[PDB]
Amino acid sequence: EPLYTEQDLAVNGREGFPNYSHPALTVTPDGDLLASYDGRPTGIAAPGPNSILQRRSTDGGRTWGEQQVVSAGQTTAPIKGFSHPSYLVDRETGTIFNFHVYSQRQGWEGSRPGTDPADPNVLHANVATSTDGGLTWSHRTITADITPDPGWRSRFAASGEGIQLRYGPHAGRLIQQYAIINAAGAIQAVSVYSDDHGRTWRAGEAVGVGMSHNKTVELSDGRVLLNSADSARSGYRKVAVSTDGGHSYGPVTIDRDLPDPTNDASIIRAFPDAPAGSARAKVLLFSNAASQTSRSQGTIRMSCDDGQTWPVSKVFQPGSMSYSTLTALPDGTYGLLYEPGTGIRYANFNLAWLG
């Protein structure tokens, strides 16, 4: 019964880019898998004129089509880069979003306050929207929409995959996590969300200190669990929980069950369509580097109690393992798009493999 397959989707130096990074994975409403990541073209510019790329599988992840460009970096001055994709599917409308950085002159650290897309010293937040299953895209810079405090100096959508709430008064809400640098220079986490199917986006209340890229997941009772890397380097993930559909979070604490070397992770519902409060609705899967000292020992953990306990875990990548993102596939198995050091690798496993 156990299933664990893997195949590279992007290898550094092949298919036009010296480096590929920052995986995003999703399943379209029609059932295709989309894998996205950024390509850093040959060059020494930083932030570089990266592109957001995509590959599609129409056979459940077995084979993958040609690498396509979602957002094309501009390699001539004025330089423009697009990186760190996150997919978000509105399963009610069928629309697919791909959030990503839009860089010009400044990266994360160098960005300064401002929301004018024409300002090249701002690290901008973009989102691409597709109503045709990811074939074609329209683009928006949404920095102004998601910067309620002009003191916020910088932001990026955490690469990976966002969510749509299924439960409660905000059912249908689309939620994409961001990390920001606030006025005081702290790194905080904040949910960016839409209650109108992606027509408009806003930021919620930022939370925490020493945060980083972070992810959210809807628990069995509709609470939204936020799970962040810790830029203060505790050796663990940081967690907080929202009771208002991701708008605001309670206190942030380190989660001793989730060792982490300060690196990306993903956390998903194993049964995203399970009804509220059901046993299956309590099941979470988590992927990250379990090593506290390096980006290695990629591990999947499972919780059957809304993330309170993680009684099952298994290493999927003993070696180098940086960013990773999980998605639930229609066939009941799980896709895992991750960085083995050589680019972007796609794995598919089932719960039987987890044991």
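The numbering used is simple: start at 1 and walk along the sequence shown.
*Asks:* Between 284 to 292 and 42 to 50, name whichever shows the higher mean Cα B factor according to the PDB entry.
*Replies:* Stretch with the greater average CA B-factor: 42 to 50.
*Asks:* On average, which has the higher Cα B-factor in the deposited entry, 145 to 153 or 174 to 182?
*Replies:* Per the deposited B-factors, the answer is 145 to 153.
*Asks:* Could you say which of 188, 74, 194, 126 has its CA atom at the highest B factor, as listed in the PDB entry?
*Replies:* The C-alpha B-factor peaks, among 188, 74, 194, 126, at 74.
*Asks:* Looking at 233, 215, 269, 84, which has the biggest Cα B factor in the entry?
*Replies:* The listed residue with the largest C-alpha B-factor is 233.
*Asks:* Hey, what third does residue 55 fall into on Cα B-factor, ranked over its chain?
*Replies:* Answer is middle: the recorded C-alpha B-factor places it there.
*Asks:* Is residue 329 in the lowest, middle or highest third of its chain when residues are ranked by C-alpha B-factor?
*Replies:* Middle third, going by the recorded CA B-factors of the chain.
*Asks:* Could you look up the Cα B-factor of residue 204 in the entry and say which third of the chain it sits in: lowest, middle or highest?
*Replies:* Within its chain, residue 204 is a lowest-third residue by C-alpha B-factor, going by the deposited values.
*Asks:* Thinking about Cα B factors across the chain, which third does residue 314 belong to?
*Replies:* Middle third by C-alpha B-factor.
*Asks:* Would you check the entry's CA temperature factor for residue 102 and let me know if it's in the chain's lowest, middle or highest third?
*Replies:* Lowest third - that is where residue 102 ends up once the chain's C-alpha B-factors are sorted.
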